[PDB]
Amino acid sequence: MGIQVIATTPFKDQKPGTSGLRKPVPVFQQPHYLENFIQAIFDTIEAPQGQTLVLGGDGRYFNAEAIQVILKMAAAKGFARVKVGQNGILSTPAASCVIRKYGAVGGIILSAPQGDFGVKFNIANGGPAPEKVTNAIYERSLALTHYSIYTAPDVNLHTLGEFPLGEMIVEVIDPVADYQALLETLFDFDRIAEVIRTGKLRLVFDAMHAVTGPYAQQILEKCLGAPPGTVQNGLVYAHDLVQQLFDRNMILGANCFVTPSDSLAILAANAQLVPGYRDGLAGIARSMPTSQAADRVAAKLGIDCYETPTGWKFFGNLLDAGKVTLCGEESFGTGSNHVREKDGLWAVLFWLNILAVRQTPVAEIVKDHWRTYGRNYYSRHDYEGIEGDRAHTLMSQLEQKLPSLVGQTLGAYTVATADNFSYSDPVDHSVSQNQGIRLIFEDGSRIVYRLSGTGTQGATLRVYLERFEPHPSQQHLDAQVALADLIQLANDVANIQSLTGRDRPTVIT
């Protein structure tokens, strides 16, 4: 029955941030809440005329109804076509792939405190929206008096094809096809299927949930022949398997978790074993608080190693410019220039290709990596819920002390660098300042302090502890034992206990 203007009034906290707008499901269900935010997104696209929008999500409650609103608003917007996943299903790496392949203007990914609802906006290069766009969406969400939508019955998404909706085409694509074709240009799927068939080696992963869901289903079990039950539908630690180093399948059993910090280093050190990275890496990038494990690898390969502020956001300029091929973020995962997002399956397949070529279990690959490059012991200590400006007093009192720290020896560690991390973008030349305090020692060890959640009633102080151990006989300690000396130095110099009243960290990774 056609395009309609519908009056609305602003909501107050439609401020996206790093992963898009994440609110409890009832908050997104408020009348006009979703429409307000989607309207604010579309008002940043100026020339939708012949453009394509990508659309999908992770199933889960409210996604089905939300995709129907987004389609109907896209038709009113004037998009030529919306590539939407079958049954509304599209993963974040898949959407990044699909956006990049077809030149889409961007995409809306509906994925996600456990139980929240999330709306993410990705732009033309396939990556997350930069802050200048996110802030523009939030500001528009506070000034809107109306929105446009095409009133029509819901479009069925069970079967593939092109379906009309106004002047717009609703193309229901296979969620996995394009994305699996990209993964097949990067890895030897033949050799991966072989090492699963023999079933002698555990499966390795570095991002939580990488070995679950319908993508890991179709690729690992249906395509690559893994035994049913391998993929969970909605764990042994590699450091444990190395300590325990001093007939039935193995894939189907436990999966071996390698931290994103070490995984990025190992993957880069074995990159030339796989088809997609045989000619070599252009460079590596990690978020600043990620451990320096990949630094040691880049140095031996003679490639640059970029240190960016936390976010898969800053990786984008380096990947587009060809300065970087592999990248990783502490406690989040790894990825490459094949897409513009963290990719858990990519790392899982990349590990499985290494295991198939080197013919050796994960625990030996890791033990050998540390033998060659040294181990970067690495734990994060979170102090959650400090009040607002006591954490700010902690960071200021420490920032004050930093110039005098340089050159001095505190216990066993000599300070090479004590600074407030700033990043000058080698492409943007945009400076990001005050991204955390770094104590960098000459032996290669490090202590990093960052504040998070500034804006809430409370803030979280994060302390990153890193000890570099070159001696192979010292490379299988318990991480907290190995870090004990750096721990009590980090606490003393910052005066954590005296200035926050906390005796224990809240969380210790």
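In case it trips you up, residue 1 is the first one in the sequence shown, and so on.
- In this entry, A112 and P113 are separated by 4 to 9 residues of the deposited sequence that lack coordinates.
- Counting the unmodelled positions of the deposited sequence between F246 and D247 gives a long gap of 10 or more residues.
- Mean CA temperature factor is higher for 382-390 when stretches 382-390 and 287-295 are set side by side in the entry.
- The deposited model assigns a higher average Cα B-factor to 423-431 than to the other stretch when 135-143 and 423-431 are compared.
- Based on the entry's C-alpha B-factors, the most elevated value among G344, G374, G118, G234 belongs to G234.
- Highest C-alpha temperature factor among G322, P93, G328, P227 per the entry: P227.
- Looking at the C-alpha B-factors along this chain, the one for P403 belongs to the lowest third.
- Ranked by Cα temperature factor within the chain, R81 sits in the middle third according to the deposited record.
- For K101, the recorded CA temperature factor ranks within the middle third of the chain's modelled residues.
- Sort the chain's modelled residues by C-alpha temperature factor and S148 lands in the lowest third, per the entry.
- In the deposited entry, the Cα temperature factor of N495 sits in the middle third of values across the chain's modelled residues.
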